[PDB]
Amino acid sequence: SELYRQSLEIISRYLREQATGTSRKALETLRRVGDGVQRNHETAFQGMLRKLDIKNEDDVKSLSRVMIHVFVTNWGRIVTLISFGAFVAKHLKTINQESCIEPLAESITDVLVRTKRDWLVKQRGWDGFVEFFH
């Protein structure tokens, strides 16, 4: 969909620049909130990641199964999911699995647009995300 194209664009772009170091407003919004959410969820994300063996793309595809199962809907919970993505992306970089980063972004985008599409249409998509954190 039109939303999916921007979604994967935004989520992939954000997970990339995080791994290294409307769509324009969503990205800036994501830059603002994401690092704050990772910092406070540091011990949370660590604990969750520690109980999830991710040494390959098999585990990345298996991570989306529990991500799409574990999924109240608000931009807070959405930015937390994408933020957890950035945290796993950084991890994948430290263990020489950089090639699993674009697929991780796709898995997260898949889960977001699948389970909560009704809500995003209702929200005016990423224009709404920018408003929630405005």
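Residue indices: 1-based, along the sequence shown. By rigid core we mean the largest C-alpha set that fits within 1.5 Å across both forms.
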item	value
Core-fitted comparison in 6 other deposited structures of this protein, 85-93 vs 52-60, farther C-alphas	52-60
More shifted region, core-based fit in 6 other deposited structures of this protein, 75-83 vs 94-102 by CA	94-102
Count class of deposited residues lacking coordinates, residue 21 to residue 22	10 or more
Unresolved deposited residues in the interval that joins residue 71 and residue 72	1 to 3
Stretch with the greater mean C-alpha B-factor as recorded in the entry, comparing 92-100 against 50-58	50-58
Between 8-16 and 115-123 (mean CA B-factor, as deposited), the higher	115-123
Highest recorded Cα temperature factor - choice among 78, 37, 105, 66	66
